[PDB]
Every structure is written in structure tokens, then in C-alpha cells.
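**Q** Please see the structure below; I have some questions.
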Amino acid sequence: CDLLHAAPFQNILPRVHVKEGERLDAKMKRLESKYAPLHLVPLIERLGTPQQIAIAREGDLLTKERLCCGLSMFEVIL
Amino acid sequence: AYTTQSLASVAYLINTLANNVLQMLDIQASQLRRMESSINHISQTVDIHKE
Amino acid sequence: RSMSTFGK
């Protein structure tokens, strides 16, 4: 649930519907331009101070890296 | 003549000192502004560490 | 895709 709310600020888009004469490759990149202003890290790297940038990279890393992404515990417990 | 001159003088001395006091407060206000910004970054950094 | 934040 934390990751679902982070997606918009981390350039993560869901699959879009495709009509006729439409290519997801040519559409997903268009959608990515719509939510370009929301992509946090790039924005801060563009207007932020080195200190702000460093703090943004660290926070962004912590936000995207969760146990559910590829780690589990019950196995180690046993 | 001395009376009119005395009035102009006192008003000038107060005005000059008034502007100085105001400039002082404006500077101190920005000091707190920068300090809060620095403290916030320190806070963010500590939060990142604890995590 | 290793997660360094978890010490990996």
C-alpha cells in the first residue's frame, strides 16, 4: 500500500488501454510525459541544492525498497 | 528658526535609527529562516539513518 | 535487484 502511493512520484504507471491504431510503446511514453512533473527525484535534481538532492536520493531509495519486493522471513524463522 | 531646525533634526534622527532597527530585525528573521532549513535537513538525515 | 537498504 505504501508502494502504491509512491508510484505516482516514482514514475510507475499501470498498463493503459489500447484502441486501434495505438501502440502502448507510443502511448506509455506519452502518459509518462503527462506525469513528468510528478517525478520527484528528477525535479529536485533540476532545481534543488546538492543537500536536497542527496536527501532525495536516499529517501527515494528507502521508499522503493520494501521486503515485499523480493524478501521473506518465515523461511529463515524455520 | 532654531525651533523649526530642532523639529527637523529630531525627526531625522528617529527615522534613521528606526530604519536601522527594522533592518536588524529583517536580517534576524532570515537567520531563523536559514537555520530552520538547515535543522530540517539534519532532521531528514537522522531519519534516513534511523531507518 | 538486491536491496542494499536492508543490508544486501
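As shown in the C-alpha cells, the chain order sets the letters A, B, ...; within each chain, residues go from 1, and ligands are also counted from 1 in the order they appear.
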Counting only C-alpha atoms, what is within 12 Å of residue 8 of chain C, bar same-chain residues fewer than 5 positions away, as a PyMOL selection string?
**A** (chain A and resi 65+67+70-71) or (chain C and resi 1-3)
**Q** Could the residues in this selection be saved with N, CA and C atoms as a PDB file, in the first residue's frame?
**A**
ATOM      1  N   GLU A  65      12.349   0.451  -1.967  1.00  0.00           N
ATOM      2  CA  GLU A  65      12.858  -0.833  -1.492  1.00  0.00           C
ATOM      3  C   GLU A  65      12.108  -1.352  -0.270  1.00  0.00           C
ATOM      4  N   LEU A  67      10.428  -5.068   1.691  1.00  0.00           N
ATOM      5  CA  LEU A  67      10.621  -6.513   1.789  1.00  0.00           C
ATOM      6  C   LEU A  67       9.791  -7.282   0.766  1.00  0.00           C
ATOM      7  N   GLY A  70      11.105  -8.600  -2.835  1.00  0.00           N
ATOM      8  CA  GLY A  70      11.890  -9.793  -3.101  1.00  0.00           C
ATOM      9  C   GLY A  70      12.555 -10.415  -1.888  1.00  0.00           C
ATOM     10  N   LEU A  71      11.936 -10.263  -0.722  1.00  0.00           N
ATOM     11  CA  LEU A  71      12.475 -10.835   0.510  1.00  0.00           C
ATOM     12  C   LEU A  71      11.372 -11.379   1.411  1.00  0.00           C
TER      13      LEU A  71
ATOM     14  N   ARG C   1      18.591  -7.477  -8.642  1.00  0.00           N
ATOM     15  CA  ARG C   1      17.910  -6.458  -7.850  1.00  0.00           C
ATOM     16  C   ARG C   1      18.059  -6.727  -6.356  1.00  0.00           C
ATOM     17  N   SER C   2      19.233  -6.415  -5.819  1.00  0.00           N
ATOM     18  CA  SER C   2      19.486  -6.573  -4.394  1.00  0.00           C
ATOM     19  C   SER C   2      19.158  -5.280  -3.657  1.00  0.00           C
ATOM     20  N   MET C   3      18.640  -5.407  -2.439  1.00  0.00           N
ATOM     21  CA  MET C   3      18.224  -4.243  -1.666  1.00  0.00           C
ATOM     22  C   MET C   3      19.262  -3.886  -0.605  1.00  0.00           C
TER      23      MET C   3
END
**Q** What are the closest atom pairs, with distances in Å to one decimal, for each residue of chain B lying within 10 Å of chain A, using only C-alpha atoms, rows by chain and rising residue number, as a Markdown table?
**A**
| residue | atom | partner | partner_atom | distance |
| --- | --- | --- | --- | --- |
| B:38 | CA | A:51 | CA | 9.6 |
| B:41 | CA | A:52 | CA | 7.7 |
| B:42 | CA | A:55 | CA | 9.8 |
| B:44 | CA | A:55 | CA | 7.2 |
| B:45 | CA | A:55 | CA | 6.8 |
| B:47 | CA | A:59 | CA | 9.4 |
| B:48 | CA | A:59 | CA | 6.8 |
| B:49 | CA | A:58 | CA | 9.6 |
| B:51 | CA | A:62 | CA | 8.2 |
**Q** If you keep C-alpha atoms, can you produce a file of those selected residues as a PDB file, in the first residue's frame?
**A**
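Writing done, so here's result.pdb:
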ATOM      1  CA  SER B  38      19.424  23.530   7.988  1.00  0.00           C
ATOM      2  CA  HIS B  41      17.917  18.754   6.603  1.00  0.00           C
ATOM      3  CA  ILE B  42      19.715  17.483   9.698  1.00  0.00           C
ATOM      4  CA  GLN B  44      15.773  14.336   7.471  1.00  0.00           C
ATOM      5  CA  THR B  45      19.308  12.942   7.530  1.00  0.00           C
ATOM      6  CA  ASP B  47      15.507   9.951   9.961  1.00  0.00           C
ATOM      7  CA  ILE B  48      17.177   8.302   6.971  1.00  0.00           C
ATOM      8  CA  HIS B  49      19.853   6.904   9.285  1.00  0.00           C
ATOM      9  CA  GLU B  51      15.524   3.837   9.095  1.00  0.00           C
TER      10      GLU B  51
END
**Q** Just how far from atom CA of residue 61 of chain A is atom CA of residue 75 of chain A, in Å to one decimal?
**A**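 These atoms are spaced 25.4 Å apart.
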**Q** Residues of chain C within 12 Å of chain B, using only C-alpha atoms, as JSON, numbers by chain?
**A** {"C": [5, 6, 7]}
